[PDB]
Amino acid sequence: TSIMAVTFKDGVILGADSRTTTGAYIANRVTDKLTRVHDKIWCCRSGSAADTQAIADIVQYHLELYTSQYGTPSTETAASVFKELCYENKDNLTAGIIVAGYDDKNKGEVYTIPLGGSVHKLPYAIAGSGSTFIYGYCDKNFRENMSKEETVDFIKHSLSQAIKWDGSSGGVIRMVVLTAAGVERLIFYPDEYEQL
Amino acid sequence: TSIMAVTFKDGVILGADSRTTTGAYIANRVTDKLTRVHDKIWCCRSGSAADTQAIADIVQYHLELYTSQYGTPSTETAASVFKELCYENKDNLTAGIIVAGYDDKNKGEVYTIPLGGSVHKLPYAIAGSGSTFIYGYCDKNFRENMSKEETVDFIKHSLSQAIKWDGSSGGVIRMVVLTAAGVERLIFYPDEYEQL
Amino acid sequence: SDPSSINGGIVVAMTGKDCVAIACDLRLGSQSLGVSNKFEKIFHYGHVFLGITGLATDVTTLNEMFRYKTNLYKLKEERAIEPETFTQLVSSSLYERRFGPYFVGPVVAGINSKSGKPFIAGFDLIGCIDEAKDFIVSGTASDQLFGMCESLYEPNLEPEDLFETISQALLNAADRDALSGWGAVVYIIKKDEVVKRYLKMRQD
Amino acid sequence: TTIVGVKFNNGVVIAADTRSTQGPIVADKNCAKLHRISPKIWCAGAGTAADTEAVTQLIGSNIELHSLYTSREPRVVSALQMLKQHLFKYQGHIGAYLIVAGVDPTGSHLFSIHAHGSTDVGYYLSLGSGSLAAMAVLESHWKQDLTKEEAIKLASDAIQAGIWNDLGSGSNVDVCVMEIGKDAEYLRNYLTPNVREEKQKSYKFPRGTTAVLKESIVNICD
Amino acid sequence: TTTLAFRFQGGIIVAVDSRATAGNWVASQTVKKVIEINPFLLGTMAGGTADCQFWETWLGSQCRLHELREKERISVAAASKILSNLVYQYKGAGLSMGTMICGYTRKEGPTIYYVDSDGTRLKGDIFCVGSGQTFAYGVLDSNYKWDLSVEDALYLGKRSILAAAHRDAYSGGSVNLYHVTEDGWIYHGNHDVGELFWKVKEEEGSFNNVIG
Amino acid sequence: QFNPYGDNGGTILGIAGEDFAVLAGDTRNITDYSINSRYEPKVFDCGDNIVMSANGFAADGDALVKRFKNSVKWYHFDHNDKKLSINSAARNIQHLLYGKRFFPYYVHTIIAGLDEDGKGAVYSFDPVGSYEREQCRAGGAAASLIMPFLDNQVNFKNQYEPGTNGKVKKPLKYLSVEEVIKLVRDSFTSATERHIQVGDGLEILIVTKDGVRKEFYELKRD
Amino acid sequence: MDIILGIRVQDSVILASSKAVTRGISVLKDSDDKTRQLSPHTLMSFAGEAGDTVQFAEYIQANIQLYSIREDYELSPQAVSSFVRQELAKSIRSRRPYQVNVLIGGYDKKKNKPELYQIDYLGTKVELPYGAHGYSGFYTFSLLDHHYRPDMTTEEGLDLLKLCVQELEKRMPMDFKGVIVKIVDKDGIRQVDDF
Amino acid sequence: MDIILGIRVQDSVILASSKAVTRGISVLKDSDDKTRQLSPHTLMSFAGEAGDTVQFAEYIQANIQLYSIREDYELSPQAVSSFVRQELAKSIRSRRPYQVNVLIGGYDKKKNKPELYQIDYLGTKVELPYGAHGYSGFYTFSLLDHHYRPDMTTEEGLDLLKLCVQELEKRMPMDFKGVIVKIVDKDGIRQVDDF
Amino acid sequence: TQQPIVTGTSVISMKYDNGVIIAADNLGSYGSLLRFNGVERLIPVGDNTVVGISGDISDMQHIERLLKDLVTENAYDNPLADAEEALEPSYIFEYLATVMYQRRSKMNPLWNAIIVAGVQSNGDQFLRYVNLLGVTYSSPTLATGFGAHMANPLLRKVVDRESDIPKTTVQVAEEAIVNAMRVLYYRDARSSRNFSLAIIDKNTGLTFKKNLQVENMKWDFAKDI
Ligand SMILES: *[C@@](C)(CO)[C@](*)(O)[C@H](Cc1ccccc1)NC(=O)[C@H](Cc1ccc(OC)cc1)NC(=O)[C@H](C)NC(=O)CN1CCOCC1
Ligand SMILES: *[C@@](C)(CO)[C@](*)(O)[C@H](Cc1ccccc1)NC(=O)[C@H](Cc1ccc(OC)cc1)NC(=O)[C@H](C)NC(=O)CN1CCOCC1
Ligand SMILES: *[C@@](C)(CO)[C@](*)(O)[C@H](Cc1ccccc1)NC(=O)[C@H](Cc1ccc(OC)cc1)NC(=O)[C@H](C)NC(=O)CN1CCOCC1
Ligand SMILES: *[C@@](C)(CO)[C@](*)(O)[C@H](Cc1ccccc1)NC(=O)[C@H](Cc1ccc(OC)cc1)NC(=O)[C@H](C)NC(=O)CN1CCOCC1
Ligand SMILES: [Mg+2]
Ligand SMILES: [Mg+2]
Ligand SMILES: [Mg+2]
């Protein structure tokens, strides 16, 4: 994997490639690594496909039960549930999850949760094997309060580079836009992003 | 280490940090990883300090003996001697060397030699542990036939990022400019590059 | 210390025209040392026959266990268990010990008393059912048995001809395996008579 | 094994070869790798043979009870959810690799599950040792908006690729077609391209060839 | 393998089985485990087939060179020591051999030497070598007397291999008999265990453990 | 760590008649679960009416055959074009094999031809050079399947004269070349059914006093 | 532990068991009786891991004695052997298995027949005319294959047994300090004092 | 191999060496002489790795015999022991060391004194009144510490040696099939046939 | 004893009626890092042979030098170096096969899988494989690495046996090869989009095509998943 989530003026955008591997074999070239745990709280999944799925399913269950009793959960709350699972089962998990959501009070928020189960709230986050190759690029190019079109380009260019160098990354670039307007799914094919 | 060599209009420039480590301890914070094997053929050293030194010394000896008999060696010739040593002793070496030189016929040339001892002629090369973090940035920013000032900025900004993310890299940014004019040594201190 | 090849032994089953045959060797050893030449590996519960190869303690244990289970079956069902049903019972019982298995290679053989159809089946140590029209093999000389059966076997053999085929399959397979042999028993099974024959074979 | 699953116009089709192996030995030359979870949800299974059969029966049993409880036809996502949570719980020790497909009130579906409990979605999928041979064919010939007869052809061609090119696959091609609004049709031995040629000789022995030491009538009656 | 050779009043008996194994796979049932070095010398083979077969044939070439150079047949002691000194040079390399060098010379009389691959060399009257050696010992020791007749000694040797062939899973096939006298060795036939066992069982009344 | 050995599968089979000998071998070549070639011959005419096959690790097999073929050539040069007898070939091959006792050729070797009395001869070797003349030998991946069938049909093992109370054995007799080829073809079709590494094609080399003849037959390709 | 033998003849079962108890480079005892009487007509010899052997033997003994008192009846040798096998068959899949091999010699009073059962620590049971555990079998089985007849007397059985002990004393590496011999027949269990 | 003892008394050195040659679960021989005469008044016993023992003993024997023929003179026991030690001291740092432990019993004709040297495979030499190699020492040293006197006769030495063999036969795990005893004195080397 | 550092993935090839086709992508992988993109893994020897190499690239460059040297050495004292005594594909292969097996026998292998494709002087198609173990084999279609698992099945559908070779044209053959290269780009995680392809024809000779790209790819269905 190569995944990232980026806050901006109107909210937050999540981005991911679509490659799943079993060794050097691509088991699935059209994967959806951006998953819904709540209406406007989503996560990017990296690490073990099985572990991250099992975690996301449990979180989605917890937030559904939270909503039934206390109404819409905050993005921080969603990240805390992810953390609790990742931290308490650190010995048996290989999951690097980025949590991203949109409140109307808090706007866009991004939390990253690495292997150990620690929580880190950031303006933007990158993760997955292909993230290593774009730390330099993303630090140099990220600006706070970008527009939607700027953030889409930032993610597209970043993941394009991650995909180019990382063999464990590829396929399409999926994106999910979280704003007050709603939820928008974007897809970008090799023929576009490869020649950026 | 984080090292790089970049060809440009007037020739080639080599760049390196100055950190040497023994675990997480910095044994030398003012290292010179840019070494002279000939008047206008230099190399960047990454990997084992002892191995790369022993190789560079042998190469410098070979090129000195070459010059005594056949006159100035080409940059390709210098890279071939490095390769021969690295390839034939691949089991006992941990050396990632970038060879960079200036001919008047061939102008600036860069050859990179990774662990296996293969040779790769490129417009520019990056290597060392800290190179991983700037593949994205360098690919996006490199242009052929840059000026001296542009190339210096390209290397300075690149190594600045490599240094920022890599714990195995730091200290000063040394550079060596190879042109028809001669050899110029440049140094750039933390207070300048850190806030780029 | 490979549980399935400490004691040695083989079982083979075949189908014929309105009949089935199941055969086994008599050896029980402890690696190189031959200990017993009377150790039969075929048992029966009513008209359903079960052969078991592998670790002898488990062979004994499973026989006792399936006798136990088929006796309670018959008391509650008020009828003898059929081969297809027993096959399922064997599979369930083996998979119950999924992460601490019996080191065995069971083989079911018999004729369904209602339909009259000949039935054979094989299992791995963990319960996978292996059903076959022709033959099932098991034990330390299974490779040999596979080769013998695949070449010698033809469909719809008469009981007297089927006896010759299965016997020659077992004997020649056993003689190429160090841990199998030391005598042999063949069961010829018809709809309502079963003949048991002891074979003369080389005793080395 | 080689197994595949292919989506089409009004449903989904799955297929499989019929070889079972023990190391290099062919244990079963015509085993059934296509399993019925519910009437219109079918499974193709590769990996540990006993595990695929046992996990498919258990979830199939629980699906039937669930269907009876809810007074509803079972959904593929329920089978998928139950299988994956069972397999995940056992951390890959239950070596079941499944292609789950079927039709339900929600529509037609195609999924795969791995032993550690991860699931995929797709229009075409392949699992097992001959999945690379099969996927090569699927990647070459698949297209959007397949018909029923095109999907069957594509599926069986993908299985044939495994049969011929993978040593872990062989013998016959089983197929199951699950179309919306219709009964699922299981096509056992849909193709049989590996019939054994006539033997050169009959090895029927003269009666009396085998030396016998003892005879006795066995009592099977009470 | 099971191989034996014992000394007695009438010379030396040598008896061997004929099985070859690769794990539990019976590779052969008709292998020659006695190699005839000259008209007065025999070598028995146990352990690695290639190791035994190669080096004992080589031993035969060395013995031939001795009698060419010295104009005299090699002693059993010297012949055995050529083999033992050879395998000692390879000690640790992983050769696997249990051999017996049996023969008659004027200066020595009937003589048997045990030679193995860790360099052990022993003169003795009775030895059994191979995976089934213990089974052969059991029968041989409990029936051995120095005063056995040639007829009885031949049978005991044959019967001891049969005992081991039966009990030891890695022995079997057939029994090869040899008798070594002052006049040289005499071959006393190949005896298939397939027929020999039942013949011995019936005539002798032994092997009551087996279903008759 | 680098593993210098590999397993290229396949199986071979040698039978000797009264005035002839056959050496057969399938033409399939494999690594792991992939087919490298459907027709890669491993039974070779080495000159002097000697046919040879070294089955197992093909690189070692080819190396050995190459060295023996070369050995035959130099035998002619050094000993006035004298014909290399099958027994002398056998002894020579032992020294080839044992020369690498501590880094062995990973192959089961079989050679066939005629002895110096004109009678059919088959010799077989273990990987390090132990050898033995026989009427019959199967080698390679399916050796354990075929060999017991040969014991029964060539050497009439476990077969007694009918009605003689298991007292009189079926007498040994030489088989005709027609009968032998029937057994070879049935052996290989049986082996192809139950062994995954065996199939594609069968190539038989028949050796009489007139020379070396070849026959080819198709085998199942799954 | 180490050497335990058993021979079933016409009218009795004879068990021979070594007297040595060795630990390290010291023979701690040369008069150890490696046997327990389970019932008046049933004897069990045992060999194997230190501690386990006696602990198991006495545990079986207690159970058979408990049965005898409860039912006022002696279990058949076949029944006792089956009970013992099952205990070992349980044991082998325990956290710490009993590493004990046993021979059970008994006289069935209902059948008027001697019976010998060989059971290893895995729970592998076989009825035999003669039996042995450990390395002893590698010598004695072939010896008995030759010299044993099914219709022998107790005296003939003892001479046959002397032949086994002599062979073992000749070819076995370790000094096992002779054997204690016991006879099981219609009159119960008795020990031969001069062997 | 296994048991080799040595006792130096007033006028002689007495070496006792076990007769058993065991390999696996079979005693292959019970009359093995684990000794070589190096010179008329020097005897060497040996124990250790199979093959190595005899190969080393005979190699030393050949060298001492060569010396004797060259100089027409017998090396002193002290000189022979020093030669043997050095050969072992070389051996221990070879590619494959000799795993052989030796005792050298000799009578120095110039001094008119018996001498006993114990040398292990490392090349560790000591002169002793009594010596043993392997597990034997764990019993015999303490026994001899008690019963040994420096002025004993050859007969007293043999009785002292009988006491050692009896103790070993009682407490040692393995059957070593008795010992061959040899005496080294002013008249050379002779073997006691009835021990 | 080695471990491969910079590696090249699949090399694929097949025979057709008049000659052979061979292809390999232009990637030099450094583990999971797709390090070098201008690597040529097809090396022509003369005008009648192409050697395709996968595996360790430092060893590939060594083999390049050997072949280069072989051409030089063959020209020495050879007036027919460009005629009857030119290097045949069969000579080039046997030389490499010898070297590969010798290196494995010295426990220091050249970590490569190699396919030698060419046309003999008599017009016959040559196609044979050799690898680090010294294992050699020939077939109407040959492929290394992932190509063995994914390309061979596709190429065998065109040429399944010897008799299919005369029936196969260069257009049909090249189409299959190019299709296989696309499939490998979908499914091999260490493959690149850019590749080289070579045709050695008995009439038209050696045609070396550089900077080819995988195209006509199906990705649109991804939006629905
Ligand atoms: C990139 C592609 C490489 O890791 C991503 O991290 C990707 C994330 C992803 C994939 C699908 C859906 C959502 C998110 N991860 C994988 O593709 C993952 C690689 C991986 C395997 C095992 C790991 O440690 C346990 C960590 C990462 N692939 C898988 O999970 C595949 C489906 N399964 C296997 O490779 C089988 N594994 C099971 C665990 O043990 C090793 C073998
Ligand atoms: C960056 C700092 C991290 O690797 C560079 O690669 C740097 C290159 C350099 C340093 C000085 C002068 C010229 C070039 N490498 C190091 O600083 C190097 C790290 C390294 C150690 C061992 C390696 O494998 C053998 C590879 C890289 N540091 C050293 O060589 C220091 C001086 N020595 C040690 O750490 C002692 N090593 C010796 C080799 O075995 C492990 C312990
Ligand atoms: C192909 C044939 C594998 O090459 C398929 O995956 C196939 C799937 C299948 C499903 C249902 C019914 C039949 C076949 N799998 C097998 O045939 C499977 C191969 C296999 C076994 C074990 C494995 O390790 C987890 C992986 C693959 N065969 C079996 O399970 C056979 C029937 N049983 C055994 O081999 C039992 N052995 C296991 C080892 O211990 C001794 C007994
Ligand atoms: C009995 C049957 C127990 O093996 C005999 O010892 C028998 C002796 C014998 C001697 C000459 C001719 C035929 C038979 N030994 C064997 O048959 C022997 C058993 C054995 C196998 C491997 C060994 O290495 C530790 C030692 C002994 N069988 C073989 O040698 C078989 C035919 N070949 C191989 O196992 C090939 N191996 C040999 C060692 O190098 C690797 C390849
Ligand atoms: Mg830093
Ligand atoms: Mg036997
Ligand atoms: Mg196939």
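Residue positions are given from 1 per chain in written sequence order; they need not agree with the entry numbering, and residues without coordinates are hidden. Chains and ligands are labelled by the order in which they are written, letters from A for the one and numbers from 1 for the other. Although these chains sit within a larger assembly, the values stated refer solely to the portion shown. Side-chain calculation: all heavy atoms of the structure are included, whereas hydrogens and water are not.

1. A short note on the interface of chain D and chain C
Right, so step 1: Contacts between chain D and chain C engage 35 residues on the former and 39 residues on the latter.
Right, so step 2: By convention in these notes, a salt bridge is any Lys or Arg side-chain nitrogen within 4 Å of a carboxyl oxygen on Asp or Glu. Applying the counting criterion to the chain D and chain C interface returns 6 salt bridges.
Right, so step 3: Contributions of two or more residues to the side of chain D that touches chain C are made by β4 (25-28), α1 (49-70) and β13 (212-218) of chain D.
Right, so step 4: Only DSSP runs of H or I reaching four residues or more are called helices, and only runs of E reaching two or more are called strands; each is numbered from the N terminus. In terms of residues, the side of chain D that touches chain C owes the most to one element, β13(D), which gives 7 residues.
Right, so step 5: Residue type decides the class: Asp, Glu, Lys and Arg count as charged, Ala, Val, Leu, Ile, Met, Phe, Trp, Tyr, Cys and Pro as nonpolar, and the leftover types, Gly among them, as polar. In the side of chain D that touches chain C, the residues fall into 17 nonpolar, 8 polar and 10 charged.
Right, so step 6: Where strand β12 (residues 193-199) of chain C lies against β13(D), 6 bridges are found, and the strand directions are antiparallel. The partner of C:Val194 across the bridge, within β13(D), is D:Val218. Contact criterion: two residues are considered in contact whenever any of their non-hydrogen atoms come within 4.5 Å of each other. Two strands make a pair as long as DSSP finds a minimum of two bridges between them.

2. So, the coordination of the magnesium ion (ligand 7)
For a metal bound by four donors in tetrahedral geometry, the ideal donor-metal-donor angle is 109.5 degrees, whereas six donors in octahedral geometry ideally sit at 90 or 180 degrees.
Right, so step 1: Donor selection uses N, O and S atoms within 2.8 Å of the metal (3.2 Å for Na, K and Ca). Since no water is included, sites may look incomplete. Within the protein, the magnesium ion (ligand 7) binds to D:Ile163 (O) and D:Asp166 (O); these donor distances fall in the range 2.2 Å. Of the two residues examined, D:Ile163 and D:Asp166, each falls in the buried class. Relative accessible area decides the class of each residue, using a 1.4 Å probe on protein chains only: under 20% of the type maximum gives buried, over 50% gives exposed, and in between gives partly exposed.

3. With respect to the arrangement of the chains
Right, so step 1: By number of contacts, the leading pair among the 16 pairs of chains in contact is chains C and D.
Right, so step 2: Note that chain B does not reach chain D: the shortest distance linking a C-alpha of one to a C-alpha of the other is 30 Å.
Right, so step 3: Without any contact between them, chain B and chain E keep their closest C-alpha atoms 28 Å apart.

4. Describing a nonpolar patch on the surface
Right, so step 1: What makes a patch is a set of residues exposed beyond 30% relative accessible area and free of salt bridges, joined within 9 Å when like-charged and within 5 Å when nonpolar (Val, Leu, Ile, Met, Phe, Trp, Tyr). The method behind every accessible area is Shrake-Rupley, applied with a 1.4 Å probe, and residues are considered shielded solely by the protein chains displayed. On the surface, a nonpolar cluster with roughly 360 Å² of combined accessible area is contributed by C:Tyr68, C:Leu72 and C:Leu75.
Right, so step 2: Relative to the helices and strands, C:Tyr68 is located in helix α1 (residues 56-77).

5. Digging into the environment of A:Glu84
Right, so step 1: Its place among the elements puts A:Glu84 in helix α2 (residues 75-88).
Right, so step 2: For the pair A:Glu84 and A:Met146, spaced 62 residues apart in the sequence, the C-alpha separation amounts to 32 Å.

6. Focus: a negative patch on the surface
Right, so step 1: Positive charges are assigned to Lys and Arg, negative charges to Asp and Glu, while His and the chain termini are left out of the count. To locate a charge, the coordinates of NZ of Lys, CZ of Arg, CG of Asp or CD of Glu are taken. A cluster of acidic residues, G:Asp151, G:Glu155, G:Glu156 and G:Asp159, forms a negative patch on the protein surface.
Right, so step 2: By the secondary structure assignment, G:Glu155 is in helix α4 (residues 154-171).

7. Examining the interface of chain G and chain C
Right, so step 1: Taken residue by residue, the interface counts 13 residues in chain G and 17 residues in chain C.
Right, so step 2: Our count for the chain G to chain C interface comes out at 2 salt bridges.
Right, so step 3: Polar contact is defined as a pair of N or O atoms within 3.5 Å, subject to the rule that within protein one atom must be able to donate a hydrogen and the other to accept it, and that residues adjacent in sequence are counted only when both atoms are side-chain atoms. Inspection of the region where chain G meets chain C yields 7 residue pairs in polar contact.
Right, so step 4: With 3 residues, helix α3 (residues 137-147) of chain G is the largest single contributor of residues to the side of chain G that touches chain C.

8. Things to note about the sheet that holds strand β12 (residues 194-201) of chain I
Residues and elements named next belong to chain I.
Right, so step 1: With respect to topology, 5 strands assemble into an open sheet ordered β11-β2-β3-β12-β13, the strand pairing being antiparallel. Strand pairing shows two members of the sheet lacking a second neighbour, β11 (141-143) and β13 (205-213), which therefore form its edges. Averaged over all pairs of adjacent strands, the angle between strand axes in this sheet comes to 10 degrees, irrespective of strand direction.
Right, so step 2: Two elements, strand β3 (residues 19-25) and β12, share 7 bridges in a ladder whose sense is antiparallel. In the sheet register, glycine 19 faces β12, and the bridge partner there is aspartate 201.
Right, so step 3: Lying on the sheet, helix α3 (residues 146-156) is in contact with β2 (11-15) and β11; it crosses β11 at an angle near 165 degrees. Each axis is a line fitted through C-alpha atoms, and for a helix only the stretch in contact is used; angles between axes span 0 to 180 degrees, taken between their N-to-C directions.

9. Quick notes on the state of the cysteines
Right, so step 1: Note on terminology: pairs of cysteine sulfur atoms within 2.5 Å are recorded as disulfides. Applying the stated criterion to the full structure yields 0 disulfides over all chains.
Right, so step 2: Free of any disulfide, A:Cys138 has its nearest neighbouring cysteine sulfur in A:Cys44, separated by 13 Å.
Right, so step 3: Residue A:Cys138 is classed as buried on the basis of its relative accessible area of 0%.
Right, so step 4: Of all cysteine sulfurs in the structure, the one in E:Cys128 sits closest to G:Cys164, which takes part in no disulfide; the separation is 16 Å.

10. With respect to the sheet that holds strand β8 (residues 108-113) of chain A
Residue and element names in this part refer to chain A.
Right, so step 1: What the 5 strands build is an open sheet, ordered β5-β6-β7-β8-β9; its pairing is antiparallel. The open sheet has two edge strands with one neighbour each: β5 (34-38) and β9 (120-122). For this sheet, the mean angle separating the axes of adjacent strands, direction not counted, is 25 degrees.
Right, so step 2: In this sheet, strand β7 (residues 95-102) lies alongside strand β6 (residues 41-47) in antiparallel orientation, the contact comprising 7 bridges. From the neighbouring strand, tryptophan 42 faces β7, where its bridge partner is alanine 100.
Right, so step 3: Where helix α1 (residues 49-70) meets the sheet, its contacts fall on β5, β6 and β7, and the angle it forms with β5 comes to roughly 25 degrees.

11. Observations concerning the site of ligand 4
Right, so step 1: Taken together, 15 residues sit near ligand 4, with E:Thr1, E:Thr21, E:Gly47, E:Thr49 and E:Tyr170 positioned nearest.
Right, so step 2: Being near a molecule or strand, for a residue, means having at least one of its heavy atoms within 4 Å of it. Residues close to ligand 4 are split across chains E and F.
Right, so step 3: The contact in question runs from an oxygen atom of ligand 4 to an N or O atom on the backbone of E:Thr49, over 3.1 Å.
Right, so step 4: Between ligand 4 and F:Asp126 there is a distance of 3.2 Å, counted from a nitrogen atom to a side-chain nitrogen or oxygen.
Right, so step 5: Contact with the protein chains hides 72% of the accessible area of ligand 4, taken as 790 Å² for the molecule alone.
Right, so step 6: A class-by-class count of the residues in the shell around ligand 4 yields 5 nonpolar, 7 polar and 3 charged.

12. Things to note about empty space enclosed by the protein
Right, so step 1: Buriedness for pockets is judged along seven lines, at least five of which must meet protein on both sides within 12 Å for an open set on the 1 Å grid over protein atoms alone, while cavities are sets there where a 1.4 Å probe fits but cannot get out, and lining residues have an atom within 4 Å of a point. Grid points are joined across faces, edges and corners, and a volume is the space filled by probe spheres set on the points. Tallied over the full model, the rule gives 7 cavities of 30 Å³ or more.
Right, so step 2: Its volume calculated, the largest cavity comes out at about 110 Å³.
Right, so step 3: Looking at the largest cavity, it is lined by 16 residues, and the ones nearest its centre are C:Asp177, C:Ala178, C:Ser180, C:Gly181 and C:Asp204.
Right, so step 4: Taken together, the residues of the lining of the largest cavity sort by class into 6 nonpolar, 3 polar and 7 charged.
Right, so step 5: For the second largest cavity, the calculated volume is near 90 Å³.
Right, so step 6: Along the wall of the second largest cavity there are 13 residues; nearest its centre are A:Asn28, A:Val30, D:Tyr124, D:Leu125 and I:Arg187.
Right, so step 7: Residue assignment for the lining of the second largest cavity shows that the elements contributing at least two residues are β4 (25-28) of chain A together with β10 (124-128) of chain D.

13. So, the site of ligand 2
Residues and elements named next belong to chain B.
Right, so step 1: If you check the shell around ligand 2, you find 14 residues, and the closest are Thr1, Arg19, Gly47, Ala49 and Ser168.
Right, so step 2: The contact in question runs from an oxygen atom of ligand 2 to an N or O atom on the side chain of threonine 1, over 2.3 Å.
Right, so step 3: Coverage of ligand 2 by the protein amounts to 62% of the 770 Å² it exposes when considered alone.
Right, so step 4: Listed by contribution, the elements that provide at least two residues to the shell around ligand 2 are β3 (20-22) and β6 (41-47).
Right, so step 5: Tallied by class, residues from the shell around ligand 2 come to 1 nonpolar, 10 polar and 3 charged.

14. Quick notes on the UniProt feature "active site" in chain A
Residues and elements named next belong to chain A.
Right, so step 1: UniProt positions are given in the numbering used here, feature names are shortened, and annotations may be inferred rather than shown by experiment. Within this structure's numbering, the places UniProt gives as "active site" are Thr1.
Right, so step 2: Positionally, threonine 1 belongs in the segment before β1 (3-8).
Right, so step 3: Aside from chain neighbours lying at most four places away, what touches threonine 1 is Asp17, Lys33, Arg45, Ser46, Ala127, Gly128, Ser129, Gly130, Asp166, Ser168 and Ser169.

15. Thoughts on the pairing of strand β7 (residues 107-114) of chain F
Residues and elements named next belong to chain F.
Right, so step 1: Of all 8 residues in β7, 7 are buried, a share of seventy percent or more.
Right, so step 2: Pairing between strand β6 (residues 51-56) and β7: 6 bridges, direction antiparallel. Paired with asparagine 55 across the bridge in β7 is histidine 108.

16. Details of the nonpolar core
Right, so step 1: In this text, buried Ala, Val, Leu, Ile, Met, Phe, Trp, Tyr and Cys residues form a nonpolar core when linked through side-chain atoms within 4.5 Å. C:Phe86, C:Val108 and E:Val14 are the most contacted members of the largest nonpolar core, which totals 104 residues.
Right, so step 2: The dominant element in this core, judged by the number of residues it contributes, is helix α4 (residues 150-167) of chain E, at 8 residues.
Right, so step 3: Not counting residues up to four positions away in its chain, the partners in contact with C:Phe86 are C:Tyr45, C:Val48, C:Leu50, C:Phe66, C:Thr70, C:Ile81 and C:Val108.
Right, so step 4: Counting 64 residues, the second largest nonpolar core, distinct from the first, contains D:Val4, D:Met135, I:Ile12 and I:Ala151.

17. Considering the packing of aromatic side chains
Right, so step 1: Centre distance within 6.5 Å is the pairing criterion for rings of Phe, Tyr and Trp, where only the six-membered ring of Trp is used; planes under 30 degrees apart are then read as stacked, over 60 as edge-to-face, and the remainder as tilted. Scanning the entire structure with this criterion turns up 58 aromatic pairs over all chains.
Right, so step 2: Consider the rings of D:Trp42 and D:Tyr186, whose centres lie 5.1 Å apart with planes at 20 degrees: the pair is stacked. Of this pair, D:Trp42 sits in strand β6 (residues 41-47) while D:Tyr186 is found in strand β12 (residues 185-191), placing the two residues 144 residues apart along the sequence.
Right, so step 3: Since its relative accessible area comes to 31%, D:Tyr186 is described here as partly exposed.
Right, so step 4: Between E:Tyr90 and F:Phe102 the ring centres are 6.2 Å apart and the planes differ by 20 degrees, which places this aromatic pair in the stacked class. Pair noted here: E:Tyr90 is in the loop between α2 (76-89) and β7 (98-105) and F:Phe102 is in the loop between α2 (86-98) and β7, and the two residues belong to different chains.
Right, so step 5: An aromatic cluster is present here, built from E:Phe54, E:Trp55, E:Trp58, E:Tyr90, F:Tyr98 and F:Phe102 joined pairwise through their rings.

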